[PDB]
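To begin, one chain is listed below as structure tokens, in the form solved without the partner chain.
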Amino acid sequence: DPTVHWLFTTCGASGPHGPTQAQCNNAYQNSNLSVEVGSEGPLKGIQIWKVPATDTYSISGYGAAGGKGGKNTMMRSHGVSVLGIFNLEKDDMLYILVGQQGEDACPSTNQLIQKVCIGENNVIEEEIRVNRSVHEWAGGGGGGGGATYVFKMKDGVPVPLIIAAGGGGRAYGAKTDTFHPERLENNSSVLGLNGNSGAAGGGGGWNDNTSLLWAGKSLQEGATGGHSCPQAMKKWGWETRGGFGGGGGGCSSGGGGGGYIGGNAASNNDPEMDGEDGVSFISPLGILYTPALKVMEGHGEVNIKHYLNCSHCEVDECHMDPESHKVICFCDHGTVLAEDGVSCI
């Protein structure tokens, strides 16, 4: 059946730490998906999956969006989607880390911070007006979104297949809604380092050692979400931790987003510099289907389905009609499919 597909979610979890086994068991009740979740070690919250039959599979990796800023009116940086076309054998192990959205600056259940959010308390604005930067009153900056990873365990070391970058966090004073062009890595020889962290937390990459509690962790360190700024805990009652999957935490600057290469953050505590998103990855073992594009507004996700192998028609591209179970192959350049259903006219 073409319609069959497996939808890996974040299992209902949120924040800097990923799901447990019970969360994923509850999330996949009365469905066709069943995963096992690592309980301890750096594989905590990573969902293993057994490929049911050898086939060509399309994998849809969607990263997670960043957190909104303190003045939570500018839109959050969206998470990146990567479509990959891979080939999979029987009993293969796919380790899937579904990214998680970075925590927002506002709203907050803390009363003082809530009064800051509604604009009645505006000490941060006075600090910006006086010192041209934030040093004392660390304002709410959004947490970085978590990357989505689909990889596998070949004889000792993980091998990445799909990485969807996570949306960077929005700074306190993000007056610009412009987003940078999306970054994709198609080569495995380029290292999967971590994002640079200044006051806020840079996003977590593929394989790098983290010495910072606020930066996001790389996948080979568990890839837990980074803590908030040290000044965000002292003389303040709020924290904006990045999501699971390398999401950096939010100081007055913006929290970096995870990826194959982690997103950056402001070296100083600039209240207006949003956190850069991560760099997505596509494996040479698979075929990239569509470019990397920012789509997601919340938690990341994974969609695995049987790829529609339709090289039988003249044009290399085709699709499945929702109305008719018959496959439809189209012709570009204003050409029209012939009556044979393969040829073009």
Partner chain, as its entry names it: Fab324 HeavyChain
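Numbering follows the first chain given and starts at 1.
Unshown form deposited with the partner chain bound; subsequent notes refer to it.
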property	result
Contact assignment for the partner chain in the deposited bound form, among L213, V190, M93, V157, heavy atom within 4.5 Å	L213
Which of 243 to 251, 107 to 115, 198 to 206, 149 to 157 lines the interface with the partner chain in the deposited bound form (heavy atom within 4.5 Å)	107 to 115
is_contact(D270, the partner chain) in the deposited bound form, heavy atom dist at most 4.5 Å	no
